[PDB]
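Structure data follow from protein-v2.pdb (PDB, C-alpha atoms and all ligand atoms):
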MODEL        1
ATOM      1  CA  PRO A   1       4.048   3.923 -46.048
ATOM      2  CA  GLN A   2       3.559   5.112 -42.474
ATOM      3  CA  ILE A   3       6.804   4.539 -40.658
ATOM      4  CA  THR A   4       6.813   4.336 -36.863
ATOM      5  CA  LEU A   5       9.991   5.314 -35.064
ATOM      6  CA  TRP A   6      10.468   2.470 -32.534
ATOM      7  CA  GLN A   7      13.476   1.545 -34.681
ATOM      8  CA  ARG A   8      15.625   3.659 -36.939
ATOM      9  CA  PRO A   9      13.862   4.457 -40.229
ATOM     10  CA  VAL A  10      16.421   2.732 -42.418
ATOM     11  CA  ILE A  11      15.180   1.897 -45.913
ATOM     12  CA  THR A  12      16.673   0.429 -49.070
ATOM     13  CA  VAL A  13      16.992   2.951 -51.861
ATOM     14  CA  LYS A  14      18.649   3.188 -55.230
ATOM     15  CA  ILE A  15      21.106   6.101 -55.510
ATOM     16  CA  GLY A  16      22.574   6.716 -58.932
ATOM     17  CA  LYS A  17      21.355   3.184 -59.900
ATOM     18  CA  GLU A  18      23.155   1.566 -56.895
ATOM     19  CA  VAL A  19      21.214  -0.190 -54.147
ATOM     20  CA  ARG A  20      22.104   1.261 -50.751
ATOM     21  CA  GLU A  21      20.480   1.448 -47.333
ATOM     22  CA  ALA A  22      19.948   4.878 -45.779
ATOM     23  CA  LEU A  23      18.386   6.547 -42.762
ATOM     24  CA  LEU A  24      15.379   8.802 -43.472
ATOM     25  CA  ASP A  25      16.436  11.822 -41.529
ATOM     26  CA  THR A  26      14.188  14.839 -40.992
ATOM     27  CA  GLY A  27      17.046  16.522 -39.055
ATOM     28  CA  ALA A  28      19.327  16.483 -42.123
ATOM     29  CA  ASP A  29      19.118  19.275 -44.673
ATOM     30  CA  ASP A  30      21.103  17.292 -47.183
ATOM     31  CA  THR A  31      21.587  13.658 -48.279
ATOM     32  CA  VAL A  32      24.992  12.218 -47.379
ATOM     33  CA  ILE A  33      26.359   8.850 -48.507
ATOM     34  CA  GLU A  34      29.754   7.262 -47.816
ATOM     35  CA  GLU A  35      31.799   5.744 -50.661
ATOM     36  CA  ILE A  36      29.904   6.048 -53.910
ATOM     37  CA  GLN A  37      30.865   7.402 -57.349
ATOM     38  CA  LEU A  38      28.081   9.385 -58.974
ATOM     39  CA  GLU A  39      27.543  11.067 -62.321
ATOM     40  CA  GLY A  40      28.881  14.435 -63.394
ATOM     41  CA  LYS A  41      31.288  16.854 -61.887
ATOM     42  CA  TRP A  42      31.449  17.282 -58.110
ATOM     43  CA  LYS A  43      32.235  20.366 -56.014
ATOM     44  CA  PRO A  44      33.986  20.253 -52.628
ATOM     45  CA  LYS A  45      31.970  21.396 -49.651
ATOM     46  CA  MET A  46      31.986  21.198 -45.873
ATOM     47  CA  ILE A  47      29.037  20.302 -43.645
ATOM     48  CA  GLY A  48      28.653  20.203 -39.922
ATOM     49  CA  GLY A  49      26.827  17.936 -37.575
ATOM     50  CA  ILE A  50      26.678  17.249 -34.028
ATOM     51  CA  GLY A  51      30.401  16.563 -33.583
ATOM     52  CA  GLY A  52      32.077  18.940 -36.005
ATOM     53  CA  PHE A  53      32.653  19.261 -39.750
ATOM     54  CA  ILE A  54      33.357  16.798 -42.513
ATOM     55  CA  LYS A  55      34.488  17.375 -46.085
ATOM     56  CA  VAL A  56      32.181  16.114 -48.841
ATOM     57  CA  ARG A  57      31.958  15.940 -52.616
ATOM     58  CA  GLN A  58      28.709  17.546 -53.858
ATOM     59  CA  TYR A  59      27.082  15.958 -56.892
ATOM     60  CA  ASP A  60      24.026  17.618 -58.384
ATOM     61  CA  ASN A  61      21.219  15.915 -60.330
ATOM     62  CA  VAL A  62      21.562  12.421 -58.910
ATOM     63  CA  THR A  63      18.489  10.189 -59.093
ATOM     64  CA  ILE A  64      17.267   8.454 -55.981
ATOM     65  CA  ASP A  65      14.455   5.842 -56.034
ATOM     66  CA  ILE A  66      12.706   5.284 -52.703
ATOM     67  CA  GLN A  67      10.115   2.462 -53.012
ATOM     68  CA  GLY A  68       9.029   3.589 -56.474
ATOM     69  CA  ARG A  69       9.289   7.340 -55.848
ATOM     70  CA  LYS A  70      11.882   8.971 -58.062
ATOM     71  CA  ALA A  71      13.571  12.261 -57.276
ATOM     72  CA  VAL A  72      16.624  14.020 -58.667
ATOM     73  CA  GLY A  73      18.792  16.253 -56.536
ATOM     74  CA  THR A  74      22.027  16.831 -54.727
ATOM     75  CA  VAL A  75      23.953  14.116 -52.954
ATOM     76  CA  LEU A  76      26.960  14.738 -50.703
ATOM     77  CA  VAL A  77      29.607  12.048 -50.578
ATOM     78  CA  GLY A  78      31.897  11.832 -47.569
ATOM     79  CA  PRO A  79      32.640  10.064 -44.277
ATOM     80  CA  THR A  80      29.250  10.121 -42.646
ATOM     81  CA  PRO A  81      28.886   7.381 -39.984
ATOM     82  CA  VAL A  82      25.657   6.147 -41.655
ATOM     83  CA  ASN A  83      24.040   6.972 -44.991
ATOM     84  CA  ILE A  84      21.351   9.637 -44.610
ATOM     85  CA  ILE A  85      18.470  10.810 -46.797
ATOM     86  CA  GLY A  86      17.781  14.416 -45.902
ATOM     87  CA  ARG A  87      15.046  16.948 -46.525
ATOM     88  CA  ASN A  88      16.250  17.822 -50.039
ATOM     89  CA  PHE A  89      14.960  14.411 -51.150
ATOM     90  CA  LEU A  90      12.261  13.824 -48.501
ATOM     91  CA  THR A  91      10.400  16.894 -49.830
ATOM     92  CA  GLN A  92      10.495  15.571 -53.382
ATOM     93  CA  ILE A  93       8.717  12.338 -52.392
ATOM     94  CA  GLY A  94       6.145  14.307 -50.346
ATOM     95  CA  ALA A  95       7.281  12.914 -46.978
ATOM     96  CA  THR A  96       5.759  14.434 -43.860
ATOM     97  CA  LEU A  97       5.985  14.113 -40.106
ATOM     98  CA  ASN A  98       2.601  13.355 -38.589
ATOM     99  CA  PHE A  99       1.364  13.226 -35.019
TER     100      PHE A  99
ATOM    101  CA  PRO B   1      -0.343  18.054 -37.460
ATOM    102  CA  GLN B   2       1.167  17.061 -40.749
ATOM    103  CA  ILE B   3       4.517  18.778 -41.087
ATOM    104  CA  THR B   4       6.194  19.142 -44.488
ATOM    105  CA  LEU B   5       9.943  19.317 -44.761
ATOM    106  CA  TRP B   6      10.552  22.345 -47.012
ATOM    107  CA  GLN B   7      11.966  24.043 -43.911
ATOM    108  CA  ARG B   8      13.556  22.446 -40.854
ATOM    109  CA  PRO B   9      10.824  20.951 -38.600
ATOM    110  CA  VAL B  10      11.580  23.172 -35.619
ATOM    111  CA  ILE B  11       8.816  23.338 -33.003
ATOM    112  CA  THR B  12       8.403  24.883 -29.631
ATOM    113  CA  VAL B  13       8.390  22.400 -26.734
ATOM    114  CA  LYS B  14       8.358  22.523 -22.953
ATOM    115  CA  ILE B  15      11.332  20.533 -21.523
ATOM    116  CA  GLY B  16      11.192  20.178 -17.757
ATOM    117  CA  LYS B  17      10.160  23.622 -16.626
ATOM    118  CA  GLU B  18      11.548  25.505 -19.705
ATOM    119  CA  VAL B  19      10.125  26.465 -23.115
ATOM    120  CA  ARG B  20      12.655  25.718 -25.843
ATOM    121  CA  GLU B  21      12.660  25.209 -29.611
ATOM    122  CA  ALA B  22      13.941  21.955 -31.038
ATOM    123  CA  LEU B  23      14.268  20.116 -34.340
ATOM    124  CA  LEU B  24      12.113  17.018 -34.857
ATOM    125  CA  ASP B  25      14.746  14.551 -35.908
ATOM    126  CA  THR B  26      13.962  11.046 -37.124
ATOM    127  CA  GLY B  27      17.720  10.424 -37.609
ATOM    128  CA  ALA B  28      18.443  11.026 -33.920
ATOM    129  CA  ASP B  29      18.004   8.103 -31.481
ATOM    130  CA  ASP B  30      17.893  10.446 -28.474
ATOM    131  CA  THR B  31      16.930  13.981 -27.601
ATOM    132  CA  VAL B  32      19.825  16.414 -27.082
ATOM    133  CA  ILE B  33      19.558  19.941 -25.719
ATOM    134  CA  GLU B  34      22.263  22.517 -25.162
ATOM    135  CA  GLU B  35      22.451  24.294 -21.784
ATOM    136  CA  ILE B  36      19.358  23.323 -19.846
ATOM    137  CA  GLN B  37      18.934  22.891 -16.121
ATOM    138  CA  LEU B  38      17.281  19.564 -15.499
ATOM    139  CA  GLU B  39      16.541  18.033 -12.169
ATOM    140  CA  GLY B  40      17.744  14.744 -10.887
ATOM    141  CA  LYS B  41      20.840  12.679 -11.158
ATOM    142  CA  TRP B  42      22.693  12.252 -14.436
ATOM    143  CA  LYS B  43      25.418  10.014 -15.901
ATOM    144  CA  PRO B  44      28.090  11.068 -18.411
ATOM    145  CA  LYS B  45      27.842   9.530 -21.965
ATOM    146  CA  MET B  46      29.234  10.324 -25.381
ATOM    147  CA  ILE B  47      27.203  10.374 -28.510
ATOM    148  CA  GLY B  48      28.436  10.535 -32.059
ATOM    149  CA  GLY B  49      27.262  12.166 -35.219
ATOM    150  CA  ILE B  50      28.613  13.673 -38.447
ATOM    151  CA  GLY B  51      31.967  15.122 -37.443
ATOM    152  CA  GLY B  52      32.569  12.976 -34.333
ATOM    153  CA  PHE B  53      31.568  12.734 -30.710
ATOM    154  CA  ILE B  54      30.353  15.015 -27.938
ATOM    155  CA  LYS B  55      30.133  14.425 -24.192
ATOM    156  CA  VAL B  56      26.689  14.756 -22.669
ATOM    157  CA  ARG B  57      24.911  14.429 -19.350
ATOM    158  CA  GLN B  58      22.142  11.858 -19.435
ATOM    159  CA  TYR B  59      18.988  12.676 -17.454
ATOM    160  CA  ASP B  60      16.234  10.148 -17.223
ATOM    161  CA  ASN B  61      12.554  10.735 -16.577
ATOM    162  CA  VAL B  62      12.270  14.253 -17.963
ATOM    163  CA  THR B  63       8.832  15.489 -18.929
ATOM    164  CA  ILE B  64       8.424  17.196 -22.314
ATOM    165  CA  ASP B  65       5.253  18.658 -23.755
ATOM    166  CA  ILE B  66       4.993  18.863 -27.536
ATOM    167  CA  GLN B  67       1.819  20.612 -28.668
ATOM    168  CA  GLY B  68      -0.115  19.126 -25.842
ATOM    169  CA  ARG B  69       1.356  15.658 -26.199
ATOM    170  CA  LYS B  70       3.091  14.869 -22.922
ATOM    171  CA  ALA B  71       5.915  12.336 -22.695
ATOM    172  CA  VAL B  72       8.536  11.309 -20.183
ATOM    173  CA  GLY B  73      11.994  10.031 -21.073
ATOM    174  CA  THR B  74      15.668  10.625 -21.445
ATOM    175  CA  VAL B  75      17.252  13.973 -22.353
ATOM    176  CA  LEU B  76      20.945  14.371 -23.137
ATOM    177  CA  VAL B  77      22.490  17.743 -22.310
ATOM    178  CA  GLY B  78      25.576  18.842 -24.177
ATOM    179  CA  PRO B  79      27.044  20.986 -26.943
ATOM    180  CA  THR B  80      24.799  20.072 -29.821
ATOM    181  CA  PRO B  81      24.738  22.702 -32.597
ATOM    182  CA  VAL B  82      20.902  22.806 -32.422
ATOM    183  CA  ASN B  83      18.422  21.292 -30.014
ATOM    184  CA  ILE B  84      16.956  18.029 -31.328
ATOM    185  CA  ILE B  85      14.022  15.834 -30.352
ATOM    186  CA  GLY B  86      14.905  12.268 -31.245
ATOM    187  CA  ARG B  87      13.020   9.013 -31.639
ATOM    188  CA  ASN B  88      12.891   8.316 -27.917
ATOM    189  CA  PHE B  89      10.321  11.169 -27.659
ATOM    190  CA  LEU B  90       8.927  11.046 -31.193
ATOM    191  CA  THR B  91       7.600   7.558 -30.495
ATOM    192  CA  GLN B  92       6.026   8.714 -27.210
ATOM    193  CA  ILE B  93       4.002  11.481 -28.952
ATOM    194  CA  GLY B  94       2.859   9.150 -31.696
ATOM    195  CA  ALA B  95       4.840  10.691 -34.507
ATOM    196  CA  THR B  96       5.337   8.855 -37.785
ATOM    197  CA  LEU B  97       7.184   9.559 -40.973
ATOM    198  CA  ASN B  98       4.838   9.178 -43.939
ATOM    199  CA  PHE B  99       5.191   9.167 -47.735
TER     200      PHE B  99
HETATM  201  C1  LIG C 101      22.233  16.912 -35.708
HETATM  202  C2  LIG C 101      21.378  17.278 -36.936
HETATM  203  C3  LIG C 101      21.002  18.784 -36.884
HETATM  204  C4  LIG C 101      22.176  17.070 -38.225
HETATM  205  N1  LIG C 101      22.528  15.692 -38.476
HETATM  206  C5  LIG C 101      21.447  14.784 -38.683
HETATM  207  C6  LIG C 101      21.123  13.921 -37.473
HETATM  208  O1  LIG C 101      19.858  13.275 -37.647
HETATM  209  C7  LIG C 101      22.142  12.832 -37.191
HETATM  210  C8  LIG C 101      22.147  11.664 -38.191
HETATM  211  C9  LIG C 101      23.260  10.674 -37.781
HETATM  212  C10 LIG C 101      22.881   9.392 -37.386
HETATM  213  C11 LIG C 101      23.824   8.443 -37.009
HETATM  214  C12 LIG C 101      25.165   8.822 -36.960
HETATM  215  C13 LIG C 101      25.562  10.082 -37.364
HETATM  216  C14 LIG C 101      24.603  11.020 -37.764
HETATM  217  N2  LIG C 101      21.829  12.324 -35.853
HETATM  218  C15 LIG C 101      22.576  12.471 -34.762
HETATM  219  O2  LIG C 101      23.692  13.066 -34.734
HETATM  220  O3  LIG C 101      21.988  11.904 -33.694
HETATM  221  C16 LIG C 101      22.726  11.848 -32.486
HETATM  222  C17 LIG C 101      21.743  11.956 -31.309
HETATM  223  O4  LIG C 101      21.152  10.641 -31.286
HETATM  224  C18 LIG C 101      22.147   9.676 -31.643
HETATM  225  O5  LIG C 101      21.587   8.749 -32.578
HETATM  226  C19 LIG C 101      22.245   8.921 -33.836
HETATM  227  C20 LIG C 101      23.594   9.573 -33.515
HETATM  228  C21 LIG C 101      23.286  10.440 -32.306
HETATM  229  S1  LIG C 101      23.928  15.478 -39.281
HETATM  230  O6  LIG C 101      24.068  14.017 -39.502
HETATM  231  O7  LIG C 101      25.068  16.029 -38.563
HETATM  232  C22 LIG C 101      23.852  16.228 -40.863
HETATM  233  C23 LIG C 101      24.412  17.464 -41.138
HETATM  234  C24 LIG C 101      24.340  18.037 -42.395
HETATM  235  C25 LIG C 101      23.689  17.368 -43.431
HETATM  236  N3  LIG C 101      23.593  17.805 -44.529
HETATM  237  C26 LIG C 101      23.121  16.126 -43.170
HETATM  238  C27 LIG C 101      23.215  15.590 -41.906
HETATM  239 CL    CL C 102      15.337  27.545 -27.408
ENDMDL
END
When written as structure tokens, how does the structure in this file appear?
Ligand SMILES: CC(C)CN(C[C@@H](O)[C@H](Cc1ccccc1)NC(=O)O[C@H]1CO[C@H]2OCC[C@H]21)S(=O)(=O)c1ccc(N)cc1
Ligand SMILES: [Cl-]
Amino acid sequence: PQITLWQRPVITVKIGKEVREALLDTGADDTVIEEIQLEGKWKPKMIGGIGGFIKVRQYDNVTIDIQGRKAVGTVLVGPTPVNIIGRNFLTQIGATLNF
Amino acid sequence: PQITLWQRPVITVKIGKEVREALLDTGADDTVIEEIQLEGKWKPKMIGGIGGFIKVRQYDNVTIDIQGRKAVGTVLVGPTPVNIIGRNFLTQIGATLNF
């Protein structure tokens, strides 16, 4: 779809076979979700945003389905204020910014 | 243009009287710049992100030029890690997120 930006671009997705809502975020390098258990081993990491750093659990090779588009990649789990889909998955579904 | 997301969508923009670079950020409601002299009156606000809150100065009615697309609107000035153009200006330049 073509998504205008008069409201936040929040979409329903499936992450690791769980339905979640998330913000499509071109300003995020990475995908960050709060309170989910995913497959495989995780690795601790730190990421920073506008207000400082948070600790996250990094899971690799997680499947995300965005309106029929499947991608597999890294998901960070930690106390983000809102769930975010970042560029690591937006590139895999061929998302672009257009003006 | 049609901008892919394999690298951060950083573009050059003119903000008030100053050329700056900034990140095109669909996950940001508002545009936030660090250390820019803007004219007019301002009001103090906080905004929050990953990691917590920062205190900004809110300036209304600032002119930005993005690749020839001119827009007027609110700019927040404060200690953001990187400059970001948020939806309040993305909508005004006709940007959409597509996939
Ligand atoms: C500031 C960006 C360079 C980075 N962020 C993405 C950004 O889109 C967040 C995404 C975001 C969105 C909501 C809440 C927290 C974070 N937006 C944000 O902080 O926007 C602020 C300015 O406008 C306001 O509207 C939203 C909060 C304010 S980030 O959330 O900190 C971030 C950092 C690292 C990764 N991997 C993923 C995301
Ligand atoms: Cl700059």
**Item:** Residues of chain A within 10 Å of chain B, only C-alpha atoms counted, as a PyMOL selection string
**Value:** chain A and resi 1-10+23-29+32+47-55+66-67+69+78-82+84-99
Chain B fitted onto chain A, all C-alpha pairs in order, as a PDB file with C-alpha atoms, in the frame of the given file:
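Ended up saving to superposed06.pdb:
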ATOM      1  CA  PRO B   1       3.806   3.949 -45.920  1.00  0.00           C
ATOM      2  CA  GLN B   2       3.491   5.156 -42.381  1.00  0.00           C
ATOM      3  CA  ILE B   3       6.768   4.518 -40.610  1.00  0.00           C
ATOM      4  CA  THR B   4       6.960   4.479 -36.806  1.00  0.00           C
ATOM      5  CA  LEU B   5      10.145   5.432 -35.043  1.00  0.00           C
ATOM      6  CA  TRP B   6      10.677   2.604 -32.529  1.00  0.00           C
ATOM      7  CA  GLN B   7      13.657   1.601 -34.676  1.00  0.00           C
ATOM      8  CA  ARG B   8      15.782   3.782 -36.945  1.00  0.00           C
ATOM      9  CA  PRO B   9      13.876   4.510 -40.204  1.00  0.00           C
ATOM     10  CA  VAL B  10      16.396   2.802 -42.468  1.00  0.00           C
ATOM     11  CA  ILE B  11      15.108   1.962 -45.953  1.00  0.00           C
ATOM     12  CA  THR B  12      16.571   0.567 -49.090  1.00  0.00           C
ATOM     13  CA  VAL B  13      16.978   3.096 -51.917  1.00  0.00           C
ATOM     14  CA  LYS B  14      18.508   3.193 -55.376  1.00  0.00           C
ATOM     15  CA  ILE B  15      21.057   6.071 -55.633  1.00  0.00           C
ATOM     16  CA  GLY B  16      22.344   6.589 -59.155  1.00  0.00           C
ATOM     17  CA  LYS B  17      22.941   3.068 -60.358  1.00  0.00           C
ATOM     18  CA  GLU B  18      23.469   1.515 -56.856  1.00  0.00           C
ATOM     19  CA  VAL B  19      21.156  -0.031 -54.242  1.00  0.00           C
ATOM     20  CA  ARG B  20      22.022   1.285 -50.790  1.00  0.00           C
ATOM     21  CA  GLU B  21      20.358   1.548 -47.381  1.00  0.00           C
ATOM     22  CA  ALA B  22      19.915   4.946 -45.795  1.00  0.00           C
ATOM     23  CA  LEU B  23      18.317   6.599 -42.777  1.00  0.00           C
ATOM     24  CA  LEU B  24      15.314   8.862 -43.386  1.00  0.00           C
ATOM     25  CA  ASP B  25      16.427  11.945 -41.546  1.00  0.00           C
ATOM     26  CA  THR B  26      14.207  14.969 -40.997  1.00  0.00           C
ATOM     27  CA  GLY B  27      17.075  16.670 -39.093  1.00  0.00           C
ATOM     28  CA  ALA B  28      19.365  16.535 -42.132  1.00  0.00           C
ATOM     29  CA  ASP B  29      19.087  19.327 -44.743  1.00  0.00           C
ATOM     30  CA  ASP B  30      20.905  17.242 -47.369  1.00  0.00           C
ATOM     31  CA  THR B  31      21.485  13.640 -48.302  1.00  0.00           C
ATOM     32  CA  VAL B  32      24.929  12.234 -47.445  1.00  0.00           C
ATOM     33  CA  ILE B  33      26.306   8.879 -48.548  1.00  0.00           C
ATOM     34  CA  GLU B  34      29.644   7.281 -47.792  1.00  0.00           C
ATOM     35  CA  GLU B  35      31.699   5.848 -50.678  1.00  0.00           C
ATOM     36  CA  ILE B  36      29.511   5.949 -53.755  1.00  0.00           C
ATOM     37  CA  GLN B  37      30.513   6.451 -57.359  1.00  0.00           C
ATOM     38  CA  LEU B  38      28.334   9.152 -58.824  1.00  0.00           C
ATOM     39  CA  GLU B  39      28.573  10.581 -62.271  1.00  0.00           C
ATOM     40  CA  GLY B  40      29.140  14.149 -63.193  1.00  0.00           C
ATOM     41  CA  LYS B  41      31.088  17.036 -61.852  1.00  0.00           C
ATOM     42  CA  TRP B  42      31.244  17.809 -58.146  1.00  0.00           C
ATOM     43  CA  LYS B  43      32.339  20.677 -55.875  1.00  0.00           C
ATOM     44  CA  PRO B  44      33.957  20.336 -52.438  1.00  0.00           C
ATOM     45  CA  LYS B  45      31.852  21.513 -49.398  1.00  0.00           C
ATOM     46  CA  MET B  46      31.920  20.978 -45.664  1.00  0.00           C
ATOM     47  CA  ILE B  47      28.920  20.130 -43.615  1.00  0.00           C
ATOM     48  CA  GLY B  48      28.608  20.140 -39.867  1.00  0.00           C
ATOM     49  CA  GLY B  49      26.812  18.046 -37.334  1.00  0.00           C
ATOM     50  CA  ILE B  50      27.135  16.831 -33.738  1.00  0.00           C
ATOM     51  CA  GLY B  51      30.875  16.529 -33.210  1.00  0.00           C
ATOM     52  CA  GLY B  52      32.002  18.936 -35.962  1.00  0.00           C
ATOM     53  CA  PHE B  53      32.520  19.077 -39.690  1.00  0.00           C
ATOM     54  CA  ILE B  54      33.270  16.704 -42.548  1.00  0.00           C
ATOM     55  CA  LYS B  55      34.408  17.420 -46.101  1.00  0.00           C
ATOM     56  CA  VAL B  56      32.142  16.151 -48.847  1.00  0.00           C
ATOM     57  CA  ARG B  57      31.841  16.120 -52.614  1.00  0.00           C
ATOM     58  CA  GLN B  58      28.639  17.721 -53.827  1.00  0.00           C
ATOM     59  CA  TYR B  59      26.954  16.105 -56.842  1.00  0.00           C
ATOM     60  CA  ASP B  60      23.905  17.689 -58.334  1.00  0.00           C
ATOM     61  CA  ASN B  61      21.159  16.053 -60.355  1.00  0.00           C
ATOM     62  CA  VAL B  62      21.413  12.539 -58.954  1.00  0.00           C
ATOM     63  CA  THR B  63      18.423  10.265 -59.360  1.00  0.00           C
ATOM     64  CA  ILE B  64      17.221   8.317 -56.310  1.00  0.00           C
ATOM     65  CA  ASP B  65      14.339   5.881 -56.159  1.00  0.00           C
ATOM     66  CA  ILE B  66      12.655   5.383 -52.794  1.00  0.00           C
ATOM     67  CA  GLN B  67       9.980   2.691 -52.907  1.00  0.00           C
ATOM     68  CA  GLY B  68       8.998   3.685 -56.368  1.00  0.00           C
ATOM     69  CA  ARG B  69       9.084   7.409 -55.698  1.00  0.00           C
ATOM     70  CA  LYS B  70      11.665   8.879 -58.054  1.00  0.00           C
ATOM     71  CA  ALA B  71      13.438  12.157 -57.310  1.00  0.00           C
ATOM     72  CA  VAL B  72      16.406  14.077 -58.629  1.00  0.00           C
ATOM     73  CA  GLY B  73      18.655  16.287 -56.522  1.00  0.00           C
ATOM     74  CA  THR B  74      21.861  16.814 -54.669  1.00  0.00           C
ATOM     75  CA  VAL B  75      23.872  14.055 -52.969  1.00  0.00           C
ATOM     76  CA  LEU B  76      26.870  14.749 -50.746  1.00  0.00           C
ATOM     77  CA  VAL B  77      29.552  12.059 -50.645  1.00  0.00           C
ATOM     78  CA  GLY B  78      31.801  11.839 -47.626  1.00  0.00           C
ATOM     79  CA  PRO B  79      32.602  10.081 -44.360  1.00  0.00           C
ATOM     80  CA  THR B  80      29.229  10.099 -42.693  1.00  0.00           C
ATOM     81  CA  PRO B  81      28.850   7.415 -39.996  1.00  0.00           C
ATOM     82  CA  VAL B  82      25.634   6.164 -41.684  1.00  0.00           C
ATOM     83  CA  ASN B  83      24.003   6.995 -44.983  1.00  0.00           C
ATOM     84  CA  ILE B  84      21.226   9.577 -44.600  1.00  0.00           C
ATOM     85  CA  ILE B  85      18.421  10.833 -46.822  1.00  0.00           C
ATOM     86  CA  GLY B  86      17.754  14.440 -45.904  1.00  0.00           C
ATOM     87  CA  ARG B  87      14.987  16.942 -46.529  1.00  0.00           C
ATOM     88  CA  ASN B  88      16.163  17.786 -50.031  1.00  0.00           C
ATOM     89  CA  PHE B  89      14.901  14.308 -51.093  1.00  0.00           C
ATOM     90  CA  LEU B  90      12.238  13.794 -48.431  1.00  0.00           C
ATOM     91  CA  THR B  91      10.322  16.751 -49.847  1.00  0.00           C
ATOM     92  CA  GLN B  92      10.630  15.369 -53.396  1.00  0.00           C
ATOM     93  CA  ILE B  93       9.010  12.020 -52.419  1.00  0.00           C
ATOM     94  CA  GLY B  94       6.218  13.729 -50.535  1.00  0.00           C
ATOM     95  CA  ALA B  95       7.263  12.697 -47.064  1.00  0.00           C
ATOM     96  CA  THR B  96       5.823  14.400 -44.000  1.00  0.00           C
ATOM     97  CA  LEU B  97       6.350  14.102 -40.298  1.00  0.00           C
ATOM     98  CA  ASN B  98       3.014  13.578 -38.554  1.00  0.00           C
ATOM     99  CA  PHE B  99       1.789  13.471 -34.946  1.00  0.00           C
TER     100      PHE B  99
END
**Complete:** Students should find that CA of residue 42 (chain A) and atom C7 of ligand LIG 101 (chain C) are spaced 23.3 Å
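Among the candidate residues B:45, B:75, B:63, B:20, the one lying nearest to ligand CL 102 (chain C) is B:20, with distances computed using all atoms listed in the file.
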Exercise: residue 58 (chain B) partners within 12 Å, all atoms listed in the file, chain neighbours under 3 positions left out, as an mmCIF file with C-alpha atoms, in the frame of the given file:
data_model
loop_
_atom_site.group_PDB
_atom_site.id
_atom_site.type_symbol
_atom_site.label_atom_id
_atom_site.label_comp_id
_atom_site.auth_asym_id
_atom_site.auth_seq_id
_atom_site.Cartn_x
_atom_site.Cartn_y
_atom_site.Cartn_z
ATOM 1 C CA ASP B 30 17.893 10.446 -28.474
ATOM 2 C CA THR B 31 16.930 13.981 -27.601
ATOM 3 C CA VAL B 32 19.825 16.414 -27.082
ATOM 4 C CA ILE B 33 19.558 19.941 -25.719
ATOM 5 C CA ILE B 36 19.358 23.323 -19.846
ATOM 6 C CA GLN B 37 18.934 22.891 -16.121
ATOM 7 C CA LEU B 38 17.281 19.564 -15.499
ATOM 8 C CA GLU B 39 16.541 18.033 -12.169
ATOM 9 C CA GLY B 40 17.744 14.744 -10.887
ATOM 10 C CA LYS B 41 20.840 12.679 -11.158
ATOM 11 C CA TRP B 42 22.693 12.252 -14.436
ATOM 12 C CA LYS B 43 25.418 10.014 -15.901
ATOM 13 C CA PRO B 44 28.090 11.068 -18.411
ATOM 14 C CA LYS B 45 27.842 9.530 -21.965
ATOM 15 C CA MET B 46 29.234 10.324 -25.381
ATOM 16 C CA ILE B 47 27.203 10.374 -28.510
ATOM 17 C CA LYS B 55 30.133 14.425 -24.192
ATOM 18 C CA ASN B 61 12.554 10.735 -16.577
ATOM 19 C CA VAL B 62 12.270 14.253 -17.963
ATOM 20 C CA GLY B 73 11.994 10.031 -21.073
ATOM 21 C CA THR B 74 15.668 10.625 -21.445
ATOM 22 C CA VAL B 75 17.252 13.973 -22.353
ATOM 23 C CA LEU B 76 20.945 14.371 -23.137
ATOM 24 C CA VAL B 77 22.490 17.743 -22.310
ATOM 25 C CA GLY B 78 25.576 18.842 -24.177
#
**Item:** Explicit residue set for the PyMOL selection byres (((not hetatm)) within 8 of (chain C and resi 102)), as number ranges by chain
**Value:** B: 12, 19-22, 83
**d(CA of residue 17 (chain B), CA of residue 64 (chain B)) in Å** =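 That distance, rounded to one decimal, is 8.8 Å.
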**Asked** When you draw a straight line from CA of residue 72 (chain A) to atom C9 of ligand LIG 101 (chain C), how long is it in Å?
**Response**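 So the answer is 22.2 Å.
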Box for region 28-32 of chain B - axis-aligned, 4 Å on each of the six sides, all listed atoms - centre and size in Å to one decimal, as lines of an AutoDock Vina configuration file.
center_x = 18.4
center_y = 12.3
center_z = -30.5
size_x = 10.9
size_y = 16.3
size_z = 14.8
**Using all atoms listed in the file: which of B:34, B:70, B:13, B:65 has the shortest distance to ligand LIG 101 (chain C)** =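 Nearest candidate to ligand LIG 101 (chain C) out of B:34, B:70, B:13, B:65: B:34.
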**Asked** Nearest to ligand LIG 101 (chain C) among A:35, A:71, A:57, A:18, with distances taken over only C-alpha atoms and all ligand atoms: which residue is it?
**Response** A:57
